[PDB]
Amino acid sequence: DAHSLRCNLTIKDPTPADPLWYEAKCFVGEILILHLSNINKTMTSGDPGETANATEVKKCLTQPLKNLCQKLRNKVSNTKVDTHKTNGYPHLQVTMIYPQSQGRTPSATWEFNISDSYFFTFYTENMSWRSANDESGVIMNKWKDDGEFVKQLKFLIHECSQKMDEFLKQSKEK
């Protein structure tokens, strides 16, 4: 039994109606860790905010994640779909699921959801891709063919591997 550290990236198009062009949240069960976006600063607490190992994982993930959203914001605008554009238009949904590795070499699964229409996944374990159908596998093959973008996916994991494992051990344990 357990939990995995789950991060959720949301890349949309700006819109002075909803400017935020990217947002990410990583939780382990219910415990929030990270919450980024392109908006602004403050820093609020209600009781949590620290749990020391979270500030550790928080520090590790922040940039690699930020660069990923940056990557994906272009990866998506560059992409052709079936929908009619107005001034851009895509809506991406990414979800990395990192389970506790006691298990051999740290692995995660990155899930992509484009416009709620296209779905495909990346498995860090055996460096593989799966698509929901051939309509989705089309985009997938364009993306998987992007070396830097794939690297970012594996490296994000290789990098914050240990710190996420440590946070997972201490987590859900008081």
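The numbering used is simple: start at 1 and walk along the sequence shown.
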| query | finding |
| --- | --- |
| Stretch with the higher entry mean CA B-factor, where the candidates are 77 to 85 and 90 to 98 | 77 to 85 |
| Of 14 to 22 and 153 to 161, the stretch whose C-alpha atoms average the higher B-factor in the entry | 14 to 22 |
| Which of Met140, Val57, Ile39, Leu32 ranks first by CA B-factor in the deposited coordinates | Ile39 |
| Options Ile114, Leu68, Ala52, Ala132 - largest CA temperature factor per the record | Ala52 |
| Where the record places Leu61 (Cα B-factor, split into thirds across the chain) | lowest |
| Where the record places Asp145 (Cα B-factor, split into thirds across the chain) | middle |
| Entry-reported Cα temperature factor of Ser136, expressed as the chain third it lands in | lowest |
| Assigned third (lowest, middle, highest) for the C-alpha B factor of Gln170 | middle |
| Relative C-alpha B-factor of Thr121, binned into the chain's lowest, middle or highest third | lowest |
